[PDB]
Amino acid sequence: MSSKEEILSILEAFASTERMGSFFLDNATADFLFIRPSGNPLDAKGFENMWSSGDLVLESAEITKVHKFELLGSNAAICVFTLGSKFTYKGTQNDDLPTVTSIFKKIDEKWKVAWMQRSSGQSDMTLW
């Protein structure tokens, strides 16, 4: 299957209620970081720690729209997408709609997420 499809399969797994929290632990490269809207990095364990809280629960997440996909040579790729989520935090439901830039690399012939930066969650879809 096409690399878009392979990489999209990985992003769908990230955007899943059961798998998001621990995902980077299994699927990310060792030097992966997740860049929060503040600019402050989290590593795979830091990301999982956020979701481990108890106070933060993912209700739904989806790959709403892919804005950019391309291979960067044979063994890397960029995928830019809008991630649409619903989550509960300390007693309130929230919608979240960031723009996310993700980078993938092939390691031992398998695709892994190498980098991800997200925006604040009130993006305007109409601009795409």
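All residue numbers are counted from 1 along the displayed sequence.
*Asks:* Comparing 12 to 20 with 107 to 115, which has the greater mean CA B-factor as deposited?
*Replies:* The stretch with the larger mean CA B-factor is 12 to 20.
*Asks:* Look over 23 to 31 and 97 to 105 in the entry and identify the one with the greater average Cα temperature factor.
*Replies:* The deposited B-factors put 23 to 31 ahead on the C-alpha mean.
*Asks:* Highest Cα B-factor in the PDB entry belongs to which of 77, 44, 80, 50?
*Replies:* Out of 77, 44, 80, 50, the record gives the largest C-alpha B-factor to 50.
*Asks:* Can you tell me which of 61, 56, 71, 66 has the maximum CA B-factor listed in the PDB entry?
*Replies:* Result of the comparison over 61, 56, 71, 66: 56.
*Asks:* Check where residue 91 lands among this chain's C-alpha B-factors and tell me if it's the lowest, middle or highest third.
*Replies:* Residue 91: CA B-factor falls in the highest third of its chain.
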